[PDB]
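In the block that follows, a single chain appears as structure tokens, in the form deposited in one PDB entry.
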């Protein structure tokens, strides 16, 4: 019942290539409440794909059928009939948060706190649903037309950010520069490690997306972040942000704040709209 007739979907220009195939920018006609057409992002599957990739695709989308938070890119619909298979989702005109930020290269705080607070509301919602994003960083956060930041389209894939990952012991691609020291060590991902990445996302927002630990190598990151090293407070960083940052980089994961606690601490520095849309104020919470 998330099924949509191809008739209702247009497609208007390629955005780029996604893990499972080309992802387009388009329009849908029967996908929102009281809204004729709606700008949407269309995700197709390569024609070469194995019958197993068409079942990974269709399953990654079956995952979001359980989500519904204003701060996590939404799944508007699937076209599971005919071909090319289509997954339809809320369009984020401004794109990924890392690019956006790299764009602004010469934010207030009202603006930096609004980003942080939406991302955190997204996470709080996810963790609340027993979900643990395991690759939370600017690049996997998208920015909407109205500048809202959302935890969108899970992971995405490859792209211009290959340097963002490394294969600790040649065992596959991991975002080490965003990973908690306990993860680096043991390799396990938790909501606490999610909070660790959150503070790196915050650090990204203050440095307009610089590369975490730039003067270091990936092999050097691992040593440094595992031994109790942290990032420096950036040039003109608001004493508040950085304070929130190292609340997140507490070595012991249990001494770290939760995402809800993080919102609660900035609950009143955020635009008036938050309260009526967020998860934090939702009865769900």
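Residue numbers count along the first chain shown, from 1. In this text, the rigid core denotes the largest set of C-alpha atoms whose superposition between the two forms falls within 1.5 Å.
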### Task
After fitting on the rigid core, pick out whichever of 150-158 or 119-127 shows the bigger RMS C-alpha deviation in 7 other deposited structures of this protein.
150-158
### Summary
In terms of RMS C-alpha distance in 7 other deposited structures of this protein following rigid core superposition, 70-78 and 137-145 differ, and the farther one is 70-78
### Task
Could you bin the unmodelled part of the deposited chain lying between residue 106 and residue 107 as none, 1 to 3, 4 to 9, or 10 or more?
10 or more
## Note on the structure
Averaging the C-alpha temperature factors as deposited, the higher value of 23-31 versus 65-73 falls on 23-31
### Task
Please work out which of 186-194 and 152-160 has the higher mean CA B-factor as recorded in the PDB entry.
152-160
### Largest Cα B-factor, entry values, listed residues 116, 78, 179, 132
78
### Task
Among the candidates 254, 223, 43, 52, give the one with the maximum CA B-factor reported in the record.
52
### Query
Would the CA B-factor of residue 171 place it in the lowest, middle or highest third of its chain?
highest
### Task
For residue 250, return the chain-relative third of its C-alpha B-factor as stated in the PDB record: lowest, middle or highest.
middle
### Task
Please rank the C-alpha B-factors of the chain's modelled residues and tell me whether residue 234 sits in the lowest, middle or highest third.
middle
### Query
Would the CA B-factor of residue 219 place it in the lowest, middle or highest third of its chain?
middle
## Note on the structure
Of the three thirds of Cα B-factor ranks in this chain, residue 127 occupies the middle
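Below: the form deposited with a partner chain bound, not depicted.
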### Query
Just one of 128, 156, 208, 132 has a heavy atom within 4.5 angstroms of the partner chain in the entry with it bound, so which one?
156
### Query
Which one, 107, 95, 84, 187, lies within 4.5 Å of the partner chain in the entry with it bound by heavy atoms?
187
### Query
With the cut-off set at 4.5 Å between non-hydrogen atoms, does residue 218 touch the partner chain in the entry with it bound?
yes
### Task
Using the partner position in the entry with it bound, report whether residue 150 sits within 4.5 Å of the partner chain, counting heavy atoms only.
no
### Message
How about residue 139 - does it come within 4.5 Å of the partner chain in the entry with it bound, if we only consider non-hydrogen atoms?
### Response
yes
### Message
Quick check on residue 193: any heavy atom within 4.5 Å of the partner chain in the entry with it bound?
### Response
no
### Message
Heavy atoms within 4.5 Å of the partner chain in the entry with it bound: which stretch in 193-201, 141-149, 86-94, 166-174 meets that?
### Response
166-174
